[PDB]
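Next comes just one chain, in structure tokens: the form deposited in one PDB entry.
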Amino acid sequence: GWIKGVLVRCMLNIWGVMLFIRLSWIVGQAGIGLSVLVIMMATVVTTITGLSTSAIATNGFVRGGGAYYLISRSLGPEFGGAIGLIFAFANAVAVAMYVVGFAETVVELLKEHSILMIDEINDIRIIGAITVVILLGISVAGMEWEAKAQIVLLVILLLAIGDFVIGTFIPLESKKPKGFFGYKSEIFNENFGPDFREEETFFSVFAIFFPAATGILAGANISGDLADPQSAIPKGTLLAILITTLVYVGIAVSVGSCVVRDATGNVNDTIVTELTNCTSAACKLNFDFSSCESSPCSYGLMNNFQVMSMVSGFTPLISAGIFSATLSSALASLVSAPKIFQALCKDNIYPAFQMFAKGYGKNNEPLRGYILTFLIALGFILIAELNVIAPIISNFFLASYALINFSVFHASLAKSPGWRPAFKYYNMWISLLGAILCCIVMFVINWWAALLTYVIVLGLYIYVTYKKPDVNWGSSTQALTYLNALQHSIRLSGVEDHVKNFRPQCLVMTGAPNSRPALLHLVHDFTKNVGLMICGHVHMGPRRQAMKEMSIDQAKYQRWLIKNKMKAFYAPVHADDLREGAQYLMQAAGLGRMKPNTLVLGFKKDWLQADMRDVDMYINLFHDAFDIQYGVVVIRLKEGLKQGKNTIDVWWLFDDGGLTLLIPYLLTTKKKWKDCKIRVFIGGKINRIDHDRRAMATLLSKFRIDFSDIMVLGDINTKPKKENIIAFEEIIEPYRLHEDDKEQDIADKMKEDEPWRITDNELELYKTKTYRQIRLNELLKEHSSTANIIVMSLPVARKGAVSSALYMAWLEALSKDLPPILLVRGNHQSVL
């Protein structure tokens, strides 16, 4: 593997302009020990983030290529996106940092040669604009060029830092005008001072140093391909942070022991005999610093930001090295950030940003993404001063690192993916501690900008929480949502008591979900968010071709159920007939306590023109649903289409456990039937109108129906009319067995060859039930004609007590021409 390549790229990202152009003021403002402290703290947080991103790279997404899929699925759909935004924005503003550094170095280069000084902020702005022009011109195309240029340039950078540690080794009297002393002992003692002359504090110089150590995420996940991408990249990058920390400590100590804080650029201010009062760094010598305690100093350590780069020997090589380092870091940042934006746009967790992904050229680079990154980077370039801008970039890098640490901690704690340890010091608690320390430290720097950072993080969490995108868990890593669903189902199965909640769970026995859409919508009304709907389908046919047909039907009808705004589980079964497959579904479907407890059938509207064997299976389906204590709900809709305008009439005619009252109430809460007034109809005696009405009203207050009105009807149990019974017997006539007219042997033959014939004996035996059904239909047409939905208790009979033709004729006569009617019968156990 190219541990060499990863090392050189991570180094070149760290070894930028903040590496060696500001450390002079870092040690001049603070001292030796305090600079060592800030370097060590930046090292601690950087190595915690390095261990975190090492845990990202080596395991959990070892096979997975690319940064963003790994950071998303190996962590969580929520956690990856925020990291992407903040770290991309941090790179975008780092571009501004490094071009400002190049610009101020160019200003210093021009100042000595130029006879006059143009506006300094304007000079920095125009030079930075030109540098970003070169940056984009390089970043249009080419990656092997940077892959070689990094190895080309790291040697020159090491030569530059060697020139720093060697320029003091050669002293010179011409170097004495500037306050230069060669590795003297007094300088280190002078510079080991904990609080110093500049008003800025410790956390200020912490911000001034911190972005230099940032950028380690580039080689771990942002880096892609480059031969071996795993199992040795973490060790190489960790070694990179370690060696950068060692060289930072070395150069800080060397510069602190090198040069005194304030200096006078003159041959004067040298005292022949003054051993007392220690005016300069060299107390007995006092070569340079005198009379500049209150006067501004031209070439001071803290007063001049770049004195170490000017007083180092062979300084043109230093000047070239500054350009090389800052341009290399700028190229790295500006090839990173736009592709980060484009990657998050392509994954489209946030469709509001999705159009930024362009892929204009042969490479997938975003042209409009390049323009947007150019604009925002130049916007931060508009601030031509580096001292206050550097904390801003520090804030977003350190915040992104804190989010990475907390994401790694949450991934280790939850371990929804594989997420092996596969690392030394893989501990999640140390990552949590690093994240907390990062949060506090980010706060201490620029409390207002920090508060805006928490605001942005909370807003990102707010957006990603309510909106669940089928991006990474949805594509190629469905194991995450599978395990979440499995864990939630196991948790649900752990509840001890089920008697508290009836929880209406429906098994809709409609074969084709695309067919009968209004009935599926009506079922979805009462089970949308209160219960489980399972749209069963019994596929009969050859068993050899059964499995492929069932699979393709599952795919197609599940796509249909998801496309329409429904929450249904398509469950297909293979059986010889309807009854066997329905038995399969009713006794076996569901997981744990997500098992259907009501059976929902559509009214068989073609029972007149269908074979009576199918009607027998329909009625026996009613009966063996009642055997398993299911609740039968029969829906008869005009399929040529529901609108809620006035009322939803409920006809409480039987105590079925309260299902026929529970379903209408669940209809009201869906905001489609919000403007619908429940008007319960009950059957009581004329003398008992007040008692029944009052008790029923209290019973609804127990169901919390909040009835509009309750009307008691004495019209039931009367002879319906001459016409309606005529129509009923005309409906019966094709299936009626006229045993009176036929001979007894002929009647027995016609009964045995077709046992579904309705006879004259049980027609007169069940006369009162038939008259009750017809009378109820008359009352429905009179009182419930203007109603959105009608709910009544469906009639039942003992198994074999009635012919199937008679039972379906009762169901047809009861619901003849009404609006959508919902005949409900429930198991006798209470639903409260």
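The first residue of the sequence shown is number 1, and the count goes up from there. Each form is matched to the other, and the largest set of C-alpha atoms that superpose within 1.5 Å is called the rigid core.
The same protein has a further form, the form deposited in another entry, not shown here; the description that follows concerns it.
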Check: With the two forms superposed on the core, which of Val457, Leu666, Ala575, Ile430 shows a CA shift of 2 angstroms or more between the shown form and the other one?
Finding: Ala575
Item checked: Flag for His537, CA shift 2 Å or larger between the shown form and the other one after aligning core -> yes
Next item on the list: Verify the C-alpha shift of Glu730 between the shown form and the other one: is it 2 Å or more after superposing the core?
Entry: no
Next item on the list: Determine, after fitting the two forms on their core, whether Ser784 shows a C-alpha shift of 2 Å or more between the shown form and the other one.
Entry: no
Next item on the list: Indicate closer or farther: the Cα atoms of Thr49 and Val471, in the other entry, relative to the displayed form, with a change of 3 Å or more.
Entry: farther
